[PDB]
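Engineer: Structure supplied as model08.txt; contents: compact mmCIF, C-alpha atoms and all ligand atoms.
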# COMPACT_ATOMS: atom_id res chain seq x y z
CA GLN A 1 -105.79 -33.24 75.51
CA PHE A 2 -109.19 -34.66 74.56
CA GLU A 3 -112.44 -33.84 76.36
CA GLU A 4 -114.97 -36.69 76.61
CA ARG A 5 -118.15 -34.63 76.00
CA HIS A 6 -116.99 -33.82 72.46
CA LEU A 7 -116.41 -37.45 71.66
CA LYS A 8 -119.24 -38.73 69.49
CA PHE A 9 -119.43 -42.50 69.13
CA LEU A 10 -119.72 -43.80 65.58
CA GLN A 11 -118.83 -47.48 65.60
CA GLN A 12 -116.74 -50.31 67.01
CA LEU A 13 -113.42 -51.02 65.26
CA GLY A 14 -112.24 -53.95 67.36
CA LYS A 15 -111.99 -55.91 70.57
CA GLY A 16 -109.10 -57.27 72.63
CA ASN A 17 -108.94 -59.58 75.62
CA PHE A 18 -109.66 -56.59 77.88
CA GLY A 19 -109.77 -53.56 75.55
CA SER A 20 -111.75 -52.15 72.63
CA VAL A 21 -111.38 -49.54 69.90
CA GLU A 22 -114.10 -47.26 68.69
CA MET A 23 -114.43 -44.99 65.72
CA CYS A 24 -115.51 -41.61 67.11
CA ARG A 25 -115.75 -38.10 65.79
CA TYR A 26 -114.19 -35.38 67.96
CA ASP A 27 -116.58 -32.50 67.47
CA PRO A 28 -115.98 -29.67 69.97
CA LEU A 29 -117.76 -27.15 67.78
CA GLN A 30 -120.83 -29.35 67.79
CA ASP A 31 -121.07 -28.34 64.15
CA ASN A 32 -120.06 -31.80 63.00
CA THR A 33 -116.75 -30.68 61.45
CA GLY A 34 -114.36 -32.42 63.82
CA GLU A 35 -112.01 -35.17 62.77
CA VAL A 36 -112.76 -38.89 63.08
CA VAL A 37 -110.35 -40.67 65.41
CA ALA A 38 -109.73 -44.03 66.97
CA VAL A 39 -110.31 -44.49 70.71
CA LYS A 40 -109.03 -47.42 72.73
CA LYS A 41 -110.35 -47.96 76.23
CA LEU A 42 -110.38 -50.71 78.85
CA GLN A 43 -113.09 -53.30 79.42
CA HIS A 44 -111.60 -54.65 82.59
CA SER A 45 -110.05 -51.85 84.56
CA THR A 46 -108.01 -53.58 87.31
CA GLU A 47 -105.25 -51.45 88.84
CA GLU A 48 -102.97 -53.97 87.10
CA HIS A 49 -104.63 -53.45 83.70
CA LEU A 50 -104.43 -49.65 84.10
CA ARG A 51 -100.68 -49.85 84.77
CA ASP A 52 -100.28 -51.75 81.50
CA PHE A 53 -102.39 -49.31 79.50
CA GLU A 54 -100.60 -46.27 80.81
CA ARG A 55 -97.37 -48.00 79.70
CA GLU A 56 -98.91 -48.86 76.32
CA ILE A 57 -99.86 -45.22 75.92
CA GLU A 58 -96.27 -44.13 76.77
CA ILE A 59 -94.76 -46.53 74.33
CA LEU A 60 -97.00 -45.36 71.51
CA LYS A 61 -96.58 -41.69 72.33
CA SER A 62 -92.87 -42.37 72.03
CA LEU A 63 -93.08 -43.78 68.50
CA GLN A 64 -92.78 -41.59 65.36
CA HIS A 65 -92.61 -43.41 62.09
CA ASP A 66 -94.40 -43.64 58.76
CA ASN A 67 -95.25 -47.27 59.45
CA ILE A 68 -96.54 -46.79 62.94
CA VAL A 69 -100.02 -45.58 63.79
CA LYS A 70 -100.05 -42.01 65.11
CA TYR A 71 -100.71 -41.25 68.74
CA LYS A 72 -103.09 -38.31 68.86
CA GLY A 73 -103.57 -37.99 72.63
CA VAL A 74 -105.44 -39.16 75.73
CA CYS A 75 -108.75 -38.53 77.38
CA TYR A 76 -110.12 -39.06 80.86
CA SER A 77 -112.91 -37.94 83.12
CA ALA A 78 -111.13 -36.80 86.30
CA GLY A 79 -113.10 -38.35 87.60
CA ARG A 80 -112.16 -41.96 88.39
CA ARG A 81 -109.53 -41.53 85.67
CA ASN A 82 -111.36 -43.39 82.92
CA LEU A 83 -108.33 -43.50 80.69
CA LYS A 84 -108.68 -43.49 76.90
CA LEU A 85 -106.11 -43.53 74.14
CA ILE A 86 -106.68 -41.40 71.03
CA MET A 87 -105.08 -42.47 67.78
CA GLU A 88 -105.49 -41.49 64.17
CA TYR A 89 -108.26 -43.36 62.36
CA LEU A 90 -107.22 -45.38 59.28
CA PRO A 91 -110.04 -45.54 56.78
CA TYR A 92 -109.05 -48.78 55.10
CA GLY A 93 -108.90 -50.63 58.44
CA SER A 94 -106.89 -53.79 59.17
CA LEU A 95 -104.64 -55.31 56.57
CA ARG A 96 -106.41 -58.57 57.31
CA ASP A 97 -109.79 -57.32 56.16
CA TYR A 98 -108.38 -55.20 53.42
CA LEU A 99 -106.37 -58.03 51.89
CA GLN A 100 -109.47 -60.22 51.86
CA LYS A 101 -111.74 -57.62 50.22
CA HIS A 102 -109.17 -56.86 47.49
CA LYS A 103 -107.38 -60.07 46.77
CA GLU A 104 -108.13 -59.49 43.06
CA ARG A 105 -106.39 -56.07 42.99
CA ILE A 106 -103.33 -56.86 45.15
CA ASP A 107 -100.48 -58.81 43.54
CA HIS A 108 -97.31 -60.25 45.08
CA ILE A 109 -95.28 -57.14 44.29
CA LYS A 110 -97.81 -55.22 46.33
CA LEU A 111 -97.71 -57.78 49.21
CA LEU A 112 -93.90 -57.30 49.20
CA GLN A 113 -94.37 -53.53 49.45
CA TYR A 114 -96.44 -53.94 52.61
CA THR A 115 -94.10 -56.63 53.85
CA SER A 116 -91.17 -54.30 53.54
CA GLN A 117 -93.04 -51.50 55.30
CA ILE A 118 -93.77 -53.75 58.25
CA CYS A 119 -90.05 -54.62 58.54
CA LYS A 120 -89.12 -50.98 58.58
CA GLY A 121 -91.56 -50.33 61.45
CA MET A 122 -90.43 -53.45 63.31
CA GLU A 123 -86.87 -52.37 62.90
CA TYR A 124 -87.77 -48.98 64.31
CA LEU A 125 -89.29 -50.67 67.39
CA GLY A 126 -86.22 -52.82 68.01
CA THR A 127 -84.37 -49.55 67.93
CA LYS A 128 -86.16 -48.56 71.16
CA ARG A 129 -85.85 -52.03 72.60
CA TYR A 130 -89.55 -52.63 72.26
CA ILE A 131 -90.91 -56.15 71.80
CA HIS A 132 -94.24 -56.11 69.96
CA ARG A 133 -95.36 -59.56 71.01
CA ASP A 134 -98.53 -59.50 68.96
CA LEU A 135 -97.41 -59.26 65.35
CA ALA A 136 -100.39 -60.09 63.11
CA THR A 137 -102.33 -58.89 60.03
CA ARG A 138 -105.32 -57.95 62.15
CA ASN A 139 -102.94 -55.58 63.91
CA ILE A 140 -101.64 -53.96 60.75
CA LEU A 141 -103.65 -51.05 59.44
CA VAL A 142 -103.98 -49.89 55.86
CA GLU A 143 -103.65 -46.10 55.44
CA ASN A 144 -104.01 -46.20 51.66
CA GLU A 145 -103.41 -48.60 48.77
CA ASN A 146 -99.65 -47.96 49.13
CA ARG A 147 -99.08 -47.80 52.87
CA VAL A 148 -99.61 -49.88 56.01
CA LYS A 149 -98.80 -49.22 59.66
CA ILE A 150 -98.48 -51.26 62.82
CA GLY A 151 -101.66 -50.33 64.66
CA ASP A 152 -101.80 -51.78 68.15
CA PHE A 153 -99.41 -52.12 71.06
CA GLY A 154 -101.39 -53.76 73.84
CA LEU A 155 -98.82 -56.52 74.41
CA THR A 156 -95.69 -54.54 73.66
CA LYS A 157 -92.99 -54.79 76.31
CA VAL A 158 -89.74 -52.92 76.90
CA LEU A 159 -86.60 -54.94 77.36
CA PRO A 160 -84.73 -54.80 80.68
CA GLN A 161 -81.46 -52.87 80.41
CA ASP A 162 -79.31 -55.98 80.76
CA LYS A 163 -81.19 -58.66 78.91
CA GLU A 164 -82.21 -59.36 75.33
CA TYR A 165 -85.42 -61.18 76.20
CA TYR A 166 -88.39 -60.50 78.48
CA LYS A 167 -90.15 -63.38 80.33
CA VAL A 168 -93.89 -62.87 80.83
CA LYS A 169 -96.97 -65.13 81.19
CA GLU A 170 -100.36 -63.65 80.30
CA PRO A 171 -103.63 -64.63 82.03
CA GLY A 172 -106.04 -66.47 79.73
CA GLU A 173 -105.76 -66.50 75.95
CA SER A 174 -102.59 -66.13 73.85
CA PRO A 175 -102.17 -66.04 70.03
CA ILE A 176 -100.17 -69.27 70.27
CA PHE A 177 -100.39 -69.99 66.56
CA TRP A 178 -98.17 -66.96 65.96
CA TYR A 179 -95.86 -67.71 68.93
CA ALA A 180 -92.26 -68.87 68.68
CA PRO A 181 -91.30 -72.10 70.50
CA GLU A 182 -89.38 -70.38 73.30
CA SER A 183 -92.41 -68.16 73.83
CA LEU A 184 -94.58 -71.27 74.16
CA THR A 185 -92.10 -73.14 76.36
CA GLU A 186 -90.44 -70.37 78.32
CA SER A 187 -92.58 -67.35 77.85
CA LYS A 188 -89.60 -65.68 76.35
CA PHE A 189 -90.08 -62.72 74.05
CA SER A 190 -87.29 -61.14 72.11
CA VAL A 191 -86.80 -59.39 68.85
CA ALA A 192 -86.21 -62.90 67.48
CA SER A 193 -89.62 -64.09 68.79
CA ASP A 194 -91.00 -61.04 66.88
CA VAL A 195 -89.24 -62.23 63.67
CA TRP A 196 -90.83 -65.67 64.13
CA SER A 197 -94.25 -63.99 64.25
CA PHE A 198 -93.33 -61.88 61.25
CA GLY A 199 -92.81 -65.10 59.30
CA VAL A 200 -96.41 -66.03 60.10
CA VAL A 201 -97.56 -62.56 59.06
CA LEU A 202 -95.79 -63.13 55.75
CA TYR A 203 -97.61 -66.39 55.55
CA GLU A 204 -100.93 -64.72 56.27
CA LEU A 205 -100.25 -62.34 53.44
CA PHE A 206 -99.68 -65.00 50.86
CA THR A 207 -102.70 -66.97 51.88
CA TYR A 208 -104.67 -63.84 51.00
CA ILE A 209 -106.48 -64.73 54.25
CA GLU A 210 -108.33 -67.73 52.87
CA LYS A 211 -110.05 -69.14 55.93
CA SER A 212 -109.15 -72.80 55.50
CA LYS A 213 -105.50 -71.75 55.26
CA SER A 214 -105.11 -69.77 58.50
CA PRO A 215 -102.37 -70.65 61.03
CA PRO A 216 -104.87 -71.90 63.64
CA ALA A 217 -106.60 -74.08 61.08
CA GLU A 218 -103.42 -75.27 59.44
CA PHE A 219 -101.89 -76.13 62.81
CA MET A 220 -105.03 -77.76 64.18
CA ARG A 221 -105.30 -79.74 60.98
CA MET A 222 -101.65 -80.71 61.58
CA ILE A 223 -102.10 -81.57 65.28
CA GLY A 224 -105.51 -83.18 64.86
CA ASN A 225 -108.77 -81.43 65.82
CA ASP A 226 -109.57 -83.90 68.60
CA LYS A 227 -107.06 -81.99 70.76
CA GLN A 228 -108.37 -79.51 73.31
CA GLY A 229 -107.41 -77.17 76.12
CA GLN A 230 -103.85 -77.44 77.32
CA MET A 231 -103.21 -80.36 75.01
CA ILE A 232 -103.29 -78.09 71.95
CA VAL A 233 -100.27 -76.17 73.26
CA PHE A 234 -98.33 -79.32 74.11
CA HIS A 235 -98.75 -80.86 70.68
CA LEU A 236 -97.95 -77.50 69.11
CA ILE A 237 -94.66 -77.46 70.91
CA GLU A 238 -93.88 -81.03 69.93
CA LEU A 239 -94.83 -80.29 66.38
CA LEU A 240 -92.52 -77.25 66.04
CA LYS A 241 -89.78 -79.03 67.97
CA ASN A 242 -89.85 -81.62 65.16
CA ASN A 243 -89.75 -79.01 62.40
CA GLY A 244 -93.41 -79.22 61.57
CA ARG A 245 -94.22 -75.95 59.80
CA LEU A 246 -96.95 -74.09 57.99
CA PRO A 247 -97.10 -75.10 54.30
CA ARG A 248 -96.07 -72.94 51.36
CA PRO A 249 -99.31 -71.01 50.52
CA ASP A 250 -100.90 -71.59 47.14
CA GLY A 251 -99.04 -69.48 44.56
CA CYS A 252 -96.21 -68.46 46.87
CA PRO A 253 -92.76 -68.29 45.22
CA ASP A 254 -90.03 -70.44 46.80
CA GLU A 255 -87.78 -67.49 47.55
CA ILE A 256 -90.63 -65.93 49.57
CA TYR A 257 -91.47 -69.16 51.39
CA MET A 258 -87.76 -69.49 52.19
CA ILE A 259 -87.88 -66.20 53.99
CA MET A 260 -90.78 -67.57 56.03
CA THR A 261 -88.87 -70.70 57.05
CA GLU A 262 -85.72 -68.80 57.90
CA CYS A 263 -87.98 -66.85 60.27
CA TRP A 264 -89.23 -70.12 61.69
CA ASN A 265 -85.89 -71.36 62.80
CA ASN A 266 -86.13 -73.22 66.14
CA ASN A 267 -82.66 -71.89 66.76
CA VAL A 268 -83.30 -68.38 68.08
CA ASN A 269 -80.11 -66.65 66.98
CA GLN A 270 -80.23 -68.10 63.47
CA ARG A 271 -83.25 -65.99 62.61
CA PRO A 272 -82.74 -63.01 60.32
CA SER A 273 -82.83 -59.41 61.37
CA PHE A 274 -85.52 -56.96 60.33
CA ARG A 275 -82.89 -54.97 58.42
CA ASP A 276 -81.87 -58.16 56.63
CA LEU A 277 -85.49 -58.99 55.91
CA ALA A 278 -86.21 -55.60 54.41
CA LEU A 279 -83.14 -55.71 52.17
CA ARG A 280 -83.99 -59.24 50.96
CA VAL A 281 -87.66 -58.38 50.34
CA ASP A 282 -86.65 -55.19 48.53
CA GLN A 283 -84.05 -57.06 46.45
CA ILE A 284 -86.78 -59.55 45.53
CA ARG A 285 -89.22 -56.77 44.55
CA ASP A 286 -86.56 -55.13 42.32
CA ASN A 287 -86.08 -58.50 40.56
CA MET A 288 -89.85 -58.76 40.05
CA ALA A 289 -89.91 -55.30 38.48
CA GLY A 290 -87.90 -56.36 35.42
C1 LIG B 301 -106.27 -47.49 65.47
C2 LIG B 301 -106.76 -48.73 65.42
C3 LIG B 301 -107.58 -48.81 64.23
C4 LIG B 301 -107.52 -47.55 63.64
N1 LIG B 301 -108.17 -47.30 62.53
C5 LIG B 301 -108.89 -48.18 61.93
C6 LIG B 301 -109.01 -49.46 62.44
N2 LIG B 301 -109.68 -50.53 62.02
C7 LIG B 301 -109.48 -51.49 62.84
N3 LIG B 301 -108.67 -51.11 63.84
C8 LIG B 301 -108.27 -52.01 64.90
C9 LIG B 301 -109.00 -51.89 66.23
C10 LIG B 301 -108.77 -53.23 66.92
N4 LIG B 301 -107.34 -53.48 67.08
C11 LIG B 301 -106.61 -53.52 65.82
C12 LIG B 301 -106.78 -52.18 65.12
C13 LIG B 301 -108.35 -49.80 63.62
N5 LIG B 301 -106.72 -46.78 64.41
Show me the file's structure as structure tokens.
Structural biologist:
Amino acid sequence: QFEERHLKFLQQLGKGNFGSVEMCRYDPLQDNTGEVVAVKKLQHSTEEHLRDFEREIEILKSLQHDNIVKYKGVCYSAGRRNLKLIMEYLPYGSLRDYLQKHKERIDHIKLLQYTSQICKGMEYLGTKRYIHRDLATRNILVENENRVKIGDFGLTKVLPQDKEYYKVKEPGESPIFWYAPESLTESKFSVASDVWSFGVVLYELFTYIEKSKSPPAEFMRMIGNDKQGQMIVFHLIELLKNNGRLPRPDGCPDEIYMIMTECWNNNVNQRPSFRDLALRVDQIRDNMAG
């Protein structure tokens, strides 16, 4: 129930293939005492893209969890229906940027804490048969030193009643370096495809986001940087098909790297569950404690 006139633009928080997110202050009193919120809108507003957004809004409105970014509401001139999603604003921003800025403060124990939180949110999603389909550190938000949330659901899809995967091919650019093989080859997205991406997220975390060590770089290094266009995808597939994998990050413990590789099983059903992951991560943490 947000009125556009009282939305004061502060800054840009991010961009998407066809969306963006702004930091705004909602100040109806025009006394500058309103809260600061996050606003997502569309850049390309095709009837198709609207359908998706409306669905994204529904999905988010339907989620209630400590590790999921809070839906605050919607706004639209009515008007040509210039739809806008209002979410809570997280002051520490994306886990990706945070992690980078504070590598010196954040130890492995702490990475495991966030890791575990992510699993709990992912598990909550799978509960509603939602496939996230864009798991990444950019897309995790930091609410405070001790808590993260999943903060974007632009690509999230709901599973059909009678199937455990969803087939979908997206126009233009895909985060292929986070994509599971069946996603690359069949455009198949399942909880298990989400676990594959989680593995990469875990990887991201333990690279502390050093640029030379990113998935795209590490894979391109592995494929050879002469590759371009479609060819990149094709080599990527061949590479994974032959058990090529991202390397253990500098300083990563073997037990942690093992979790990553279990996530990066070619064999879809041999990938762990989010509940399993959380338990194993938590067990590990406990062992770190003493
Ligand atoms: C909602 C998003 C959101 C937020 N609060 C702070 C954020 N910083 C970056 N983001 C991005 C925007 C681009 N997509 C990933 C999240 C933030 N609240």
Engineer: Compute the set of protein, DNA and RNA residues whose minimum atom distance to ligand LIG 301 (chain B) is at most 10 Å, using only C-alpha atoms and all ligand atoms, and state it as a ChimeraX atom specification.
Structural biologist: /A:12-16,19-23,36-40,69-71,85-98,136-143,149-154
Engineer: Separation of atom CA of residue A:277 and atom CA of residue A:128, in Å?
Structural biologist: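 So the two atoms, atom CA of residue A:277 and atom CA of residue A:128, lie 18.5 Å apart.
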Engineer: Rounded to one decimal, what separation in Å do you get between atom CA of residue A:283 and atom CA of residue A:145?
Structural biologist: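 Rounded to one decimal, the two atoms are 21.3 Å apart.
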Engineer: Pick from A:181, A:224, A:34, A:215: nearest to residue A:203, with only C-alpha atoms counted?
Structural biologist: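 Under the stated criterion, the closest residue is A:215.
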Engineer: So which one's closest to residue A:52, A:158, A:260, A:7, A:268? Using all atoms listed in the file, please.
Structural biologist: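 Nearest to residue A:52: A:158.
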Engineer: Let me make sure I understand: among A:127, A:230, A:43, A:270, which one has the smallest atom-to-atom distance to residue A:172 if we use all atoms listed in the file?
Structural biologist: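 Using all atoms listed in the file, residue A:172 sits closest to A:230.
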Engineer: Rank nothing, just name the residue among A:289, A:122, A:233, A:131 nearest to residue A:273, using all atoms listed in the file.
Structural biologist: A:122
